[PDB]
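Chains A and A', in that order, are what the protein sequence lines are. A prime marks a further copy of an entry chain.
Read in order, the letters of the first sequence correspond to residues 28 to 206, 217 to 259, 267 to 278, 288 to 496 in the authors' numbering.
Read in order, the letters of the second sequence correspond to residues 28 to 206, 217 to 259, 267 to 278, 288 to 496 in the authors' numbering.
We put the CB at the ideal spot given by N, CA and C, even for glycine.
A short write-up of the structure that comes next.
There are 2 protein chains.
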Amino acid sequence: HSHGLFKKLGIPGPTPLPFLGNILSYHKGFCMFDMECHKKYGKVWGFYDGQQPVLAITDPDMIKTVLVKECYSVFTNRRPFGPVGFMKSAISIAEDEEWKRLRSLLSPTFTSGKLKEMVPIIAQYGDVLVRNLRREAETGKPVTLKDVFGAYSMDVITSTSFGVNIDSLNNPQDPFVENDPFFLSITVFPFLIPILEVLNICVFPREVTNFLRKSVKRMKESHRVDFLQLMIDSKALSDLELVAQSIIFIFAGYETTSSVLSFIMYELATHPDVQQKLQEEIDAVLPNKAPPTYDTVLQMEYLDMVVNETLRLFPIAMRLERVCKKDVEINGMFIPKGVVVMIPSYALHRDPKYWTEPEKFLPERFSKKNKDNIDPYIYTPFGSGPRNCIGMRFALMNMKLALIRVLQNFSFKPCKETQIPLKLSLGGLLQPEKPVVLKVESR
Amino acid sequence: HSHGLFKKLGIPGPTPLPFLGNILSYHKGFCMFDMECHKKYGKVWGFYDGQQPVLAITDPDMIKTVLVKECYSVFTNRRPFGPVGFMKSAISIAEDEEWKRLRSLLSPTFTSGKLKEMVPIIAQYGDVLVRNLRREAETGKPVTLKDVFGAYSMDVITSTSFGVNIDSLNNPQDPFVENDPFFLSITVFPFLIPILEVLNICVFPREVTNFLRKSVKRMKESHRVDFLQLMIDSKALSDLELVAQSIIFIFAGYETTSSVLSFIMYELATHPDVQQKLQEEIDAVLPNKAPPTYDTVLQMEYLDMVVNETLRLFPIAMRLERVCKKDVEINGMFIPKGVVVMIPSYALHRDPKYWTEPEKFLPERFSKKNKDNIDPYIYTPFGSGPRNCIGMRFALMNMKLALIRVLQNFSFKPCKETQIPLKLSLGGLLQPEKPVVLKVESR
Ligand code: HEM
Ligand code: HEM
């Protein structure tokens with residue numbers, strides 16, 4: 028019974044219940060629980076995910092020590108969840124030297140030279156997204172963004188990860204990836230995890246994967269550029294190791310790209326002045342609906358300010374977590390072994406200590422005048438340090454290339470069904486209660 | 028399902044059954060299973076303790092690499108058993124840097140200077156053992172050795188570990204330590230170990246310990269020398294850490310000292326020529342039943358030859374085990390991570406490759422002429438390397454000091470109930486089927 032740990036260290040926090048800990052406070056959500064704790068407990072507090080002590084830090088120098096300084100020594104891996112199966116070889120689930128080999132083997136896949144080669148492929152579906160948009164604009168009714176953006180993010184994934192060119196929205200019969218009530222029990226009962234592993238049970242639907250893996254056996258052997273072809277050229290890797298990384302690239306590129314693009318278009322439709330100014334910049338850099346290029350995207354500054362400010366209001370990861378590998382003492386406080394150090398990214402992005410009017414959508418926070426006054430460890434939408442988001446530059450380029458072609462042809466206004474203000478899904482995922490619906494008018 | 032590992036590496040061994048592995052071959056015992064495997068599979072073979080692959084090595088250079096060379100790097104810890112409770116801080120159960128701190132903090136307790144201070148204490152009970160022997164000799168009937176030796180080993184433990192002077196055989200109402218059907222299930226079902234730990238269940242009777250711990254709270258604080273006083277003088290230790298080590302000293306000093314002394318007196322009674330020659334040397338170094346001292350024991354060579362030769366026939370540990378911490382390659386073979394490397398000490402001590410007439414009791418193998426021709430890694434009754442038996446010199450001095458006072462007064466002859474030949478307990482423990490009973494005559 029380690030529930031007396033945070034009071035044995037003099038660290039404030041909510042009082043844990045037996046077995047459950049503080050998981051009953053998650054009825055508001057992880058975001059609201061972190062904002063309420065940071066408000067009443069200060070810079071450092073602790074809580075218990077069942078029997079697992081979780082220490083939350085908000086000090087920028089202390090965050091820098093965890094994410095960047097003592098990364099390879101103390102804070103190398105995140106906390107493990109339940110039955111992972113063969114997915115233990117995922118770069119995000121790998122630990123210690125196992126991860127260092129994968130992070131070094133997959134880093135060249137996200138080079139500035141390799142990414143510029145991917146711009147023409149994902150810009151093709153930017154035209155396909157407009158094709159499905161023009162129809163759902165000429166059909167004359169509000170459009171659910173997560174459908175067209177989910178299809179776009181799916182098409183971008185398949186062509187960049189394997190090259191299987193599909194129109195996910197127009198070919199939904201073959202998607203082929205249409206893929217609390219247990220994870221609440223799994224964290225309070227971590228002793229049941231080895232039982233599910235020996236039963237071949239996994240948190241992911243285990244019957245999947247196998248149909249995505251046998252497709253790599255025919256195309257890897259029996267001039268095209270994609271994530272797969274860049275991994276085969278590369288001690289050396291395994292065939293099953295190649296499958297696990299491609300699965301984590303789809304999960305990290307599907308729900309993330311669509312949700313952020315959904316939050317962005319919600320902020321643009323609710324702020325026509327920002328949408329008006331952004332479309333003027335898009336028309337200025339790209340005259341007469343010019344095709345967006347790699348060098349063109351990296352020039353539009355107001356587009357970068359819009360993407361950065363929406364990621365502040367909605368950091369879809371919510372938290373940054375590291376596992377304390379041994380008894381250490383960082384920046385003046387003692388961290389015992391086994392404690393999960395957590396960085397509340399959502400709570401820090403809405404703190405009046407660093408942001409003026411946190412609930413407001415003000416893209417001018419990230420202009421070249423005020424961008425220098427932003428702490429790189431208070432604003433971490435992609436994490437930081439050696440274990441940051443390895444697909445950060447790919448996601449930014451993928452999302453912006455869609456925002457240009459979408460705004461080059463359409464203006465977005467709210468509808469009667471648009472949930473204003475937007476209510477964050479009290480669930481576990483950082484999304485909105487009711488899906489975003491907007492009016493799409495042709496320019 | 029890792030049962031194809033040893034055949035994926037080209038390593039011979041018995042074919043494992045699902046779930047069970049090769050545990051059904053333990054109906055003969057660990058000793059006979061290791062002798063049958065070393066006979067038909069050669070220098071290296073592998074088997075499965077349920078789902079745990081165990082690689083057995085017999086090459087002396089390969090044993091030296093595991094026990095001595097790559098000890099701190101690869102082969103640092105032994106395999107873990109079931110619910111350990113607070114006993115995870117035991118030096119023998121500790122792992123990695125946690126063990127290095129305990130092995131360094133407890134090594135001075137077994138110094139040649141500290142041990143010579145313990146000789147007068149354990150020689151006192153050598154007189155008490157003769158006192159109970161003279162009565163059970165004058166009572167005129169065969170004597171069960173494990174009773175008088177178990178009481179002697181218990182009295183030596185209590186006085187050396189805490190100083191509580193008792194006559195365990197004459198005060199058995201207050202001992203106070205009178206302390217397969219589950220461990221076979223626990224190794225085939227290792228997924229049930231975390232369940233027993235969270236239920237406060239331990240492999241040891243958990244209701245014990247607590248009554249031995251509250252006695253240290255009154256005597257540690259509220267000039268005497270013992271194992272306890274030598275540990276208090278000593288980053289620094291914890292109070293609960295001091296309790297765990299004293300428990301492992303009793304378990305390692307009770308069953309081991311009594312059983313080896315039981316095997317020795319069986320070999321002496323069945324070989325009167327060895328008992329006659331040993332008593333003549335004891336009378337020569339110690340004239341007229343002289344009291345044995347520290348320097349006297351280290352002079353009797355034939356006594357050392359008798360103790361060493363009995364430990365060859367009965368290495369009560371049977372096996373030496375280390376856990377492979379990472380993928381390595383020792384002396385020309387690849388050892389994957391997680392494989393338990395095992396040294397069959399019993400099988401090596403009875404191998405005709407290094408011993409002539411292995412089943413014979415010939416103390417002349419360890420004379421100063423033939424002791425140089427014995428490989429220190431084929432004969433390992435106390436292990437080897439940094440994680441060898443830390444109480445080796447204490448056990449040798451404790452057992453010899455009893456053998457001198459016992460043989461200074463009594464001769465030992467077999468009886469009608471003496472099991473000849475001695476049948477090793479088919480159980481898990483390295484002992485004899487039926488307890489040893491001998492005739493004790495006064496000189
Ligand atoms: C808007 C889009 C995205 C956001 C906001 C985002 C955010 C994040 C964050 C906050 C982390 C944790 C960083 C840390 O713990 O220090 C992370 C990790 C990671 N992300 Fe993303 N991500 C996005 C898209 C992607 C994409 C498109 C990919 C791949 C194609 C990707 C692959 C990964 C991987 C593999 C990791 C784990 C890296 C490791 O453990 O070494 N992410 N991401
Ligand atoms: C005839 C008596 C004894 C024999 C034959 C014996 C044998 C052994 C063997 C074979 C090992 C394993 C070595 C290895 O794995 O490399 C061991 C370990 C150990 N023994 Fe003994 N032992 C005896 C008595 C004792 C006594 C009297 C004590 C303490 C008072 C003791 C304390 C220990 C400890 C603590 C370990 C584990 C050391 C570590 O893990 O670092 N043993 N013993």
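Between the region 232-245 of chain A' and chain A, which residues of the former have a C-beta closer than 7 Å to a C-beta of the latter?
Those residues of the region 232-245 of chain A' that come within reach of chain A (Cβ to Cβ, closer than 7 Å) are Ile-232 and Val-235.
If you follow the beta strand (DSSP E) that A'/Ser-495 is in, where does it begin and where does it stop?
That run of the beta strand (DSSP E) goes 490-495.
Rounded C-beta distance between A'/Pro-488 and A'/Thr-171? I'm assuming under 8 Å.
Taking a contact as a CB-CB distance under 8 Å, the pair A'/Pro-488 and A'/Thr-171 counts as one, their CB atoms being some 5 Å apart.
If you pair each beta-carbon of the region 178-194 of chain A with each one of the region 219-229 of chain A, do three or more pairs fall below 8 Å?
Verdict: no, contact absent.
Check this for me: beta carbons of A/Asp-425 and A/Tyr-407, under 8 Å apart or not?
A/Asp-425 places its beta carbon 8 Å or farther from that of A/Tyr-407.
Let me check understanding here. Comparing Cα to Cα, which of A/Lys-422, A/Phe-176, A/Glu-486 and A/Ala-289 lies closest to A/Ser-311?
Scanning A/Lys-422, A/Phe-176, A/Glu-486 and A/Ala-289 for the CA closest to the CA of A/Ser-311 turns up A/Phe-176.
Using three-state DSSP, classify A'/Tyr-347 as helix, strand or coil.
Residue state for A'/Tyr-347 is assigned as helix, using DSSP reduced to three classes.
Please return the same chain residues whose Cβ sits closer than 7 Å to the Cβ of A/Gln-472, not counting the five positions on each side in sequence.
Cβ contact annotation for A/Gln-472 (same chain, cutoff 7 Å, sequence separation greater than five): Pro-485, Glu-486 and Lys-487, in chain order.
Looking only at DSSP bridge pairs, what is A'/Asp-76 linked to?
According to DSSP, A'/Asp-76 bridges with A'/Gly-48 and A'/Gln-79.
Does the distance between the C-beta of A'/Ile-118 and the nearest non-hydrogen atom of ligand 2 fall short of 7 Å?
A'/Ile-118 Cβ: within cutoff of ligand 2.
For a cutoff of 8 Å on Cβ pairs, would you count A/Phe-176 as touching chain A'?
Closer than 8 Å: no.
C-alpha gap between A/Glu-258 and A/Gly-444, whole angstroms:
Going from the Cα of A/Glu-258 to the Cα of A/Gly-444 covers about 26 Å.
8 Å Cβ cutoff, A'/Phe-57 in contact with chain A:
Closer than 8 Å: no.
Closest Cβ-Cβ distance between A'/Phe-220 and chain A: below 8 Å?
Output row for A'/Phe-220: interface = no.
Cα-Cα separation between A/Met-89 and A/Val-95, rounded to whole angstroms
The alpha-carbon atoms of A/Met-89 and A/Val-95 are separated by roughly 10 Å.
Taking the beta strand (DSSP E) that A/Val-175 belongs to, which residues open and close that run?
Going by DSSP, A/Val-175 is part of no beta strand (DSSP E) but of the alpha helix (DSSP H) stretching over 172-188.
Quick one, are the C-beta atoms of residue 284 of chain A and A/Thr-346 less than 8 Å apart?
Chain A lacks the residues between 278 and 288, and residue 284 of chain A is one of those with no coordinates.
Whole angstroms are fine: how far does the CA of A'/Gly-112 sit from the CA of A'/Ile-300?
Whole-angstrom Cα-Cα distance: 13 Å.
Taking its Cβ as the centre, do 16 or more other Cβ atoms sit within 10 Å of A'/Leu-314, making it buried, or is it exposed?
It is buried - the Cβ of A'/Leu-314 has at least 16 other Cβ atoms within 10 Å.
Short of 9 Å Cβ to Cβ, which residues in the region 302-327 of chain A face chain A'?
Cβ contacts with chain A' come from no residue of the region 302-327 of chain A.
Grouping DSSP H, G and I as helix and E and B as strand, with all else coil, what is A/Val-394?
In this structure, A/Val-394 counts as strand in the three-state DSSP scheme.
Between A/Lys-288, A/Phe-46 and A/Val-101, which has its C-alpha nearest A/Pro-80's C-alpha?
It is A/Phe-46.
The beta strand (DSSP E) spanning A'/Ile-473 covers which residue range?
No beta strand (DSSP E) holds A'/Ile-473; DSSP gives it neither H nor E.
Could you tell me whether any non-hydrogen atom of ligand 2 is closer than 7 Å to the CB of A/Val-393?
Between ligand 2 and the CB of A/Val-393, the shortest heavy atom gap is not smaller than 7 Å.
By the DSSP assignment, the beta strand (DSSP E) with A'/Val-376 in it spans what residues?
A'/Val-376 -> beta strand (DSSP E) spans 372-376.
Helix, strand or coil at A'/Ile-301 according to DSSP, with G and I counted as helix
If DSSP states are grouped into helix, strand and coil, A'/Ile-301 belongs with the helices.
Where A'/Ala-297 and A/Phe-414 are concerned, what is the direct C-alpha to C-alpha distance, given to the nearest angstrom?
Rounded to whole angstroms, A'/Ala-297 to A/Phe-414 spans 59 Å at the Cα level.
In the DSSP assignment, find the alpha helix (DSSP H) that holds A/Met-89 and state where it starts and stops.
A/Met-89: member of the alpha helix (DSSP H) spanning 87-91, first to last residue.
Measuring straight from C-alpha to C-alpha, what distance separates A'/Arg-243 and A'/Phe-203?
Here the alpha carbons of A'/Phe-203 and A'/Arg-243 stand approximately 16 Å from one another.
Continuous beta strand (DSSP E) stretch holding A'/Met-386: start and end
Its beta strand (DSSP E) spans residues 386-388.
Going along the chain, which residues of the region 446-458 of chain A sit with their C-beta nearer than 8 Å to a C-beta in chain A'?
Residues: none.
Would the beta-carbon of A/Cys-64 fall within 8 Å of that of A/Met-371?
No, the pair does not count as a contact, with Cβ atoms beyond the cut-off.
Express the C-alpha separation of A/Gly-436 and A/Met-62 in angstroms, rounding to a whole number.
Each residue's alpha carbon lies about 19 Å from the other.
Report the three-state DSSP secondary structure of A'/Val-191 (helix, strand or coil).
Residue state, collapsed to three classes: coil.
Ordered along the chain, which non-local residues of its own chain (more than five positions away) have a Cβ less than 8 Å from that of A'/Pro-389?
If the five residues before and after A'/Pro-389 are omitted, its C-beta is found closer than 8 Å to the C-beta atoms of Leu-32, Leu-36, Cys-377 and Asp-380, all from its own chain and listed in chain order.
By DSSP, does A/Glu-258 sit in helix, in strand, or in coil?
It is coil, neither helix nor strand.
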